[PDB]
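S.K.:
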Amino acid sequence: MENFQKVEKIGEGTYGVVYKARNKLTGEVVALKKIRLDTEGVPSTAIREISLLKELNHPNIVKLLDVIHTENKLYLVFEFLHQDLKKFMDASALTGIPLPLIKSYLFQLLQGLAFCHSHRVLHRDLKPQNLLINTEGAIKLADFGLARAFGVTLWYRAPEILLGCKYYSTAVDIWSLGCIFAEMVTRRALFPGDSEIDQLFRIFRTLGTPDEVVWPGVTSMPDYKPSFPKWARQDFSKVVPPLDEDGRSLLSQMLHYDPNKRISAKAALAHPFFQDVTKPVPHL
Ligand SMILES: CN1CCN(Cc2ccc(NC(=O)Nc3ccc(Oc4ccnc(N)n4)cc3)cc2C(F)(F)F)CC1
Ligand SMILES: CN1CCN(Cc2ccc(NC(=O)Nc3ccc(Oc4ccnc(N)n4)cc3)cc2C(F)(F)F)CC1
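Numbering (this note's numbering), first residue to last: 2 to 285.
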């Protein structure tokens, strides 16, 4: 690690620590994720993260550059991205993120997610803190979980998970992304729940309590209760007042209750909302 200078801690959990560093020789600016190695016939669990990053090489996925084994430590070296979308949303809350940028970011996120999904990989925890932007207008998927190896906000959690589904589909990530879309536009989290029930009922109150017509199978899910509160769906025009027709349409398809009817990543990319998509640079 002798070439890494200006090293400063930027993240930490029980399993990982993350730093910003600058290679003093190459000038490359990097993020370093430190993992402690235990005693090693079962594969060492850091291999999963490395494998996924290698497999998911893509312009809108965080880029693993190197792996450095030193003492009883492994350092994953990443290309450095300026900040996360959460920080960008907070910095842009007075004025809002311009619509051309929201559109570019949603498009890019859909491209990264379509790539994951084409490899049968589910993200499962999409949220602003797991999305990284650079100075040049790109946004990239990451998973900044530092609690454990690859192998808790509920705000972006799909309703089927909340209702006890044993099998997650690619639709769970589309739901999370719909919520993120809405949040970019309104400047506030769409479903900011503080527990499983509060989260579920926030969804029901905005979108209406689902029934067998809207979501065949809903009443048979493990944690469904026929005594659930019954709300009628709100005017979606009032849910995301700033969004135009094309925007509302796309969002309503990302937020379809039925995971089998929820729009896919690939099909979202062809929505008319994206017809005039460009690549604006954020002001940072
Ligand atoms: C169940 N799911 C299975 C598939 N998984 C894929 C998966 C798995 C692991 C990872 N790892 C990961 O981002 N590390 C990771 C993320 C951020 C980080 O810190 C950085 C990096 C760059 N700049 C700045 N400022 N700070 C360091 C290190 C990333 C993904 C991704 F991007 F594809 F989503 C997600 C989980
Ligand atoms: C239009 N309006 C809709 C809302 N209405 C009130 C209303 C009506 C019905 C309900 N029903 C409801 O929480 N059931 C309900 C919720 C959870 C549950 O699951 C549990 C409980 C304990 N342990 C475990 N493991 N699992 C069982 C059962 C809750 C409300 C509330 F909270 F909003 F006040 C008034 C009229």
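We put the beta carbon where it would ideally sit given N, CA and C, even for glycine.
From the DSSP output, in three-state form, read off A268 for me.
M.R.: helix
S.K.: Candidates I103, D224, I36: which alpha carbon is nearest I162's?
M.R.: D224
S.K.: Rounded to a whole number of angstroms, what is the C-alpha to C-alpha distance between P211 and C166?
M.R.: 15 Å
S.K.: Among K239, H59, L66, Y106, which one has its Cα closest to the Cα of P281?
M.R.: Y106
S.K.: By how many angstroms is the C-alpha of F182 removed from the C-alpha of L95?
M.R.: 18 Å
S.K.: Starting from the N-terminal side, write out each stretch of the alpha helix (DSSP H) that is 4 residues or longer and does not extend beyond the segment 71 to 101.
M.R.: 86 to 92
S.K.: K21 and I11 - do their beta-carbons sit closer together than 8 Å?
M.R.: yes
S.K.: May I ask you to report which of helix, strand or coil DSSP gives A143?
M.R.: coil
S.K.: Can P283 and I134 be called in contact, C-beta distance under 8 Å?
M.R.: The answer is yes: Cβ separation under 8 Å.
S.K.: Would you report the Cα separation of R158 and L178, rounded to the nearest angstrom?
M.R.: Our two residues, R158 and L178, have alpha carbons roughly 10 Å apart in a direct line.
S.K.: Quick one, are the C-beta atoms of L53 and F116 less than 8 Å apart?
M.R.: no
S.K.: Which ranges does the alpha helix (DSSP H) cover as unbroken runs of at least 4 residues, wholly within the segment 222 to 246, from first to last along the chain?
M.R.: 237 to 240
S.K.: Could you give the residue range of the alpha helix (DSSP H) that holds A22?
M.R.: Element bounds for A22: not the alpha helix (DSSP H) but the beta strand (DSSP E), 17 to 24.
S.K.: Roughly how many angstroms lie between the CA atoms of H124 and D174, to the nearest whole one?
M.R.: The alpha-carbon atoms of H124 and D174 are separated by roughly 6 Å.
S.K.: Measuring straight from C-alpha to C-alpha, what distance separates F275 and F108?
M.R.: 7 Å
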